[PDB]
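To keep things clear, I will list the structure first and then write my remarks on it.
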Amino acid sequence: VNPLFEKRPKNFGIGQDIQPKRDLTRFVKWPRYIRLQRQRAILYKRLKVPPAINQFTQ
RNA sequence: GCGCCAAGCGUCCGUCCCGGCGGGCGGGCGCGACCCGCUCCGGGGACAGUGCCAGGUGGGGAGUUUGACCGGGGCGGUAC
């Protein structure tokens, strides 16, 4: 094997290195219509849904 | 001072070559860089705030008024 080859590890600690490109899907500033849809699903899980509307979950 | 655009591993290809495996040439994916959980993070919160009515305050502002007689008017008087 070639002795020139080497491991060059980078530690992603606080400071001392630049962070890699990781998934930011949980911290994206989504457009206002995506926010509207997702919050509307949360509201249906958060509020007291009356039985006549809740019976369609089943 | 320097710090990014991955090293290193582990696999999958070639309609590509040279002796099913090997070597060369060019690529792909995964780990490196853990997984799951519904609101980006934090601070308040059914209060603040907004809409409508009710009470107080309000020369900051608006509009108006501030009699008459009278040896001039005013002051004084009322002989109004």
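Keep in mind that the numbers below use all heavy atoms, side chains included, and drop hydrogens, waters and symmetry copies. To find a chain, count down the sequence lines: A is the first, B the second, and so on, and within it residues start at 1.
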Open item on the list: If I pick the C1' atom on B:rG8 and the same atom on B:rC16, what distance separates them, to the nearest angstrom?
Closed with: 27 Å

Open item on the list: Considering every strand and a 4.0 Å limit on heavy-atom distances, what is the contact class for A:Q16: base, sugar-phosphate, or nothing?
Closed with: base

TODO: Evaluate the stacking of B:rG58 against B:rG59, requiring that the six-membered ring centres lie under 5.5 Å apart and that the ring planes differ by under 30 degrees.
DONE: no

Open item on the list: Without decimals, in angstroms, what is the distance between A:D23 CG and B:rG32 P?
Closed with: 14 Å

TODO: For B:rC5, take OP1 and OP2 only and decide whether either is under 4.0 Å from a side-chain N or O of A:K10.
DONE: yes

Open item on the list: Distance check, P atoms only: B:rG20 and B:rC13, in whole angstrom units.
Closed with: 13 Å

- [ ] Quickly work out the A:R35 CZ to B:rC40 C1' distance and round it to whole Å.
- [x] 10 Å

- [ ] Please report, rounded to the nearest Å, how far the P atom of B:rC5 is from the CZ atom of A:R8.
- [x] 12 Å

Task: A:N11 (side chain) donor-acceptor with A:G13 (main chain) under 3.5 angstrom - done: no

Open item on the list: Looking at A:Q55 and A:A52, would you say the former's side chain and the latter's main chain have a donor-acceptor pair under 3.5 Å?
Closed with: yes

Open item on the list: Mind checking if A:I18 touches a base, just sugar-phosphate, or nothing, with heavy atoms under 4.0 Å?
Closed with: sugar-phosphate

TODO: Starting at atom CG of A:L24, determine the distance to atom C1' of B:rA33, rounded to an integer number of angstrom.
DONE: 12 Å

Task: Spacing between A:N11 atom CG and B:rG8 atom P, to the nearest angstrom - done: 18 Å

Open item on the list: In this structure, do the base rings of B:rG45 and B:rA46 stack on each other (centres less than 5.5 Å apart, planes differing by less than 30°)?
Closed with: no

Task: Spacing of A:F27 atom CZ relative to B:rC38 atom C1', expressed in whole Å - done: 14 Å

TODO: State yes or no: do A:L36 and A:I42 share one hydrophobic cluster built from I, L, V, M, F, W and Y residues joined by side-chain heavy-atom distances below 4.5 Å, directly or via other members?
DONE: no

Task: Base-pairing assignment for B:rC25 (Watson-Crick or G-U wobble, both under 3.5 Å) - done: B:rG14

Task: Spacing of the P atoms in B:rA62 and B:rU57 (rounded, Å) - done: 22 Å

- [ ] Would you confirm whether the neighbouring bases B:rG14 and B:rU15 count as stacked, given the thresholds of 5.5 angstrom between ring centres and 30 degrees between planes?
- [x] no

Task: Closest approach of A:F12 to A:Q19 (non-hydrogen atoms, all atoms of both residues) - done: O-NE2, 3.4 Å

TODO: Mind checking A:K7 for me? I need base, sugar-phosphate or nothing, with any heavy atom below 4.0 Å counting as a touch.
DONE: base

- [ ] Test the consecutive nucleotides B:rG71 and B:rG72 for base stacking (six-membered ring centres under 5.5 Å, planes under 30 degrees) and report the result as yes or no.
- [x] no

- [ ] Check A:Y44 against A:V49 and note the closest heavy-atom contact, atom names and distance.
- [x] O-CG2, 3.3 Å

Open item on the list: Between B:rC2 and B:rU15, how far apart are the two P atoms, rounded to whole Å?
Closed with: 49 Å

Task: Outcome for B:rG71 when its sugar is typed by the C1'-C2'-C3'-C4' torsion - done: south

Open item on the list: I want to confirm an ordering. Mapping A:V28 and A:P20 to their closest nucleotides on RNA chain B, which one lands closer to the 5' end?
Closed with: A:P20

TODO: Determine the interatomic distance between P on B:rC5 and the same-named atom on B:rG26; round to the nearest Å.
DONE: 22 Å

Task: Pairwise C1' distance for B:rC31 and B:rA6, with rounding to whole Å - done: 13 Å

TODO: Could you classify B:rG59 for me, syn or anti, using a glycosidic angle within 90° of 0 as syn?
DONE: syn

Task: Nucleotide B:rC38 sugar, north or south by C1'-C2'-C3'-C4' - done: south

Open item on the list: As a test of reading torsions: judging only by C1'-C2'-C3'-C4', is the sugar of B:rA46 on the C3'-endo (north) or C2'-endo (south) side?
Closed with: south

Task: Approximate separation, where rounding is to 0.5 Å, of A:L47 CG and A:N54 CG - done: 12.0 Å

Task: Verify stacking: B:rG37 then B:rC38, 5.5 Å distance, 30° angle limits - done: no

Open item on the list: Pairing check on B:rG8: which nucleotide meets the Watson-Crick or G-U wobble criteria with it, both distances under 3.5 Å?
Closed with: B:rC31

- [ ] Determine which nucleotide pairs with B:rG43, using a 3.5 Å limit on both distances of a Watson-Crick or G-U wobble pair.
- [x] none

- [ ] Say whether A:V28 and A:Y33 are linked into one hydrophobic cluster, either directly or through other cluster members, by side-chain heavy-atom distances under 4.5 angstrom.
- [x] yes

- [ ] Name the orientation of the base relative to the sugar in B:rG71: syn if the glycosidic angle is within 90° of 0, else anti.
- [x] syn

Task: Interatomic distance, A:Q39 CD vs B:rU39 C1' [rounded to whole Å] - done: 7 Å

Task: Base-pairing assignment for B:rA54 (Watson-Crick or G-U wobble, both under 3.5 Å) - done: none

Task: For B:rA48, pucker side given by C1'-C2'-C3'-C4' sign - done: north

Open item on the list: If a positive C1'-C2'-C3'-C4' torsion means north (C3'-endo side) and a negative one means south (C2'-endo side), where does B:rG59 fall?
Closed with: south

TODO: Can you tell me, in whole Å, how much space there is between the P of B:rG37 and that of B:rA33?
DONE: 23 Å

- [ ] Provide the distance between the two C1' atoms, one in B:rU64 and one in B:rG73, to the nearest whole Å.
- [x] 26 Å

Open item on the list: Please tell me if A:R26 has a side-chain N or O lying less than 4.0 Å from either OP1 or OP2 of B:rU39.
Closed with: yes

- [ ] Would you mind reading off the distance between A:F12 atom CZ and B:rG32 atom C1', rounded to a whole angstrom?
- [x] 8 Å

